[PDB]
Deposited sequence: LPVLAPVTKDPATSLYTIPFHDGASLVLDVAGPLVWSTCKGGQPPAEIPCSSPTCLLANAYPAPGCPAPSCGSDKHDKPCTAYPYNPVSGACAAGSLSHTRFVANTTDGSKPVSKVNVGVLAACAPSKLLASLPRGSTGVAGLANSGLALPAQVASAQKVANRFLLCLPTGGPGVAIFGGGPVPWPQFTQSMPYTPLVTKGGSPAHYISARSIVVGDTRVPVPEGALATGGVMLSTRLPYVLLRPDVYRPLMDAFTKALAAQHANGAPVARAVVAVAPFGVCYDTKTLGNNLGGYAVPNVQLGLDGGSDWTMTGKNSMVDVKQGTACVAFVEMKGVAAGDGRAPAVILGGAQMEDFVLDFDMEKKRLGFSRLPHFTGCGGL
């Protein structure tokens, strides 16, 4: 059967974790090709296992027993490590509720304890959920003879849901009419990409070069809570967003001093609250397949301090505008919270159902 783990949003870091074994959790990394962790205080390097393990070099690391290079996606740190067998301990499921305990044997890299920097308390490493052979969903697929497919329901708080192995999508009251959009595989990346053709803010549609929103130009990540944006997209989207916000005798939104790393922040005393979160313009990502990905305040605004919420669109640094080698948009975690996501890497399609305001992944 498919394997179910509950998903905790860490209050301090905002990262998402699942229980791994023995009171230890792993950070979910939807762009991560590896399951890695710190080890208890023998694969050959020419083998298919080892090639799968180094198929996607980690940015700051180069390349006879096998050596992988575990990547902390928050710090950007990497380090050498040996591959090793370990237990993924969870429950089986036939929809969304636990049937019974199960141990899945999975290959994971061993990381030096310094790569735990920047990760949540209780986390001894990272469960990579990317489309590669040693990511957790692939490993569970072969081990359990289930589909190379997984479901995420990232929570705002409370326990959300991660199911590895597919089978039918639960909660038909929210998922029966679930729209799909292709997964685009980009050369030299195991990350999951999708394609957007338009952004809409309020009713005003945003003007970007026709085809700065290209095939596979949107990446999904759980590394940051906010959206990262290429400059040709950032400037137009943020212009339209601040304007629609200013034009909303209700109190007009007052900008405060930007907080790192955000570009535009606001005094919350001056923001309204509606059912979608802070009363800011809705945002519509028009995805291939004819259905939109929507962001309300809860997705487009991050609380940073008491008194201050910032706009969850951040400009990518060190990147030239309109550069096809980079994604135009990198959706992050707060934009995926309270969506049921079916990553189907066999049919190569992402299912996305936005939960309505009165419920959420947490406690579902």
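Chemist: Could you spell out the stretches of the deposited sequence that were left without C-alpha coordinates, going in sequence order?
Modeler: Coordinates drop out over 42-46, 69-77, 263-265.
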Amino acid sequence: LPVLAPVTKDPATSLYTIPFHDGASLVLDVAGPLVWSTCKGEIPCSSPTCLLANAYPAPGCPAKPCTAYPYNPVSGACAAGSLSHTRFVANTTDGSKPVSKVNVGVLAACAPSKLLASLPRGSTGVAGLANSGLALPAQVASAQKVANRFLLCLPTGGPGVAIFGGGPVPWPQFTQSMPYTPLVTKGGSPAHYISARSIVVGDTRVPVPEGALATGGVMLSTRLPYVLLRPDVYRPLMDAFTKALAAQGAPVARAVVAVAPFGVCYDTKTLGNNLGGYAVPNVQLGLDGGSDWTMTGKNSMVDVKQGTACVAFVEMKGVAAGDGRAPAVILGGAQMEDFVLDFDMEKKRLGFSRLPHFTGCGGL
From here on, numbers count along this sequence of modelled residues.
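Chemist: Give the stretch, out of 219-227 and 68-76, with the larger mean C-alpha temperature factor in the deposited entry.
Modeler: Higher of the two, by average CA B-factor, is 68-76.
Chemist: Report the stretch with the higher mean CA temperature factor, choosing between 17-25 and 343-351 on the basis of the entry.
Modeler: Looking at the record's C-alpha B-factors, the answer is 17-25.
Chemist: Please pick out which of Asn273, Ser100, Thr185, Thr294 has the largest Cα B-factor as recorded in the entry.
Modeler: Result of the comparison over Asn273, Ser100, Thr185, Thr294: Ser100.
Chemist: Given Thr93, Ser132, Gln284, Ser177, identify the residue with the highest C-alpha B factor in the PDB entry.
Modeler: Within the set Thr93, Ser132, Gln284, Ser177, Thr93 shows the top C-alpha B-factor.
Chemist: What third of the chain does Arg149 rank in for C-alpha temperature factor, lowest, middle or highest?
Modeler: According to the entry, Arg149 has a C-alpha B-factor in the chain's middle third.
Chemist: Grab the CA temperature factor for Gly158 from the record and place it in the lowest, middle or highest third of its chain.
Modeler: Lowest third of the chain for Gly158's C-alpha B-factor.
Chemist: Where does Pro207 sit by CA temperature factor within its chain: lowest, middle or highest third?
Modeler: Highest third of the chain for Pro207's C-alpha B-factor.
Chemist: Please place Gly81 in the lowest, middle or highest third of its chain according to the CA B-factor in the PDB entry.
Modeler: Its C-alpha B-factor belongs to the highest third of this chain's values.
Chemist: Would the CA B-factor of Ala334 place it in the lowest, middle or highest third of its chain?
Modeler: Within its chain, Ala334 is a lowest-third residue by C-alpha B-factor, going by the deposited values.
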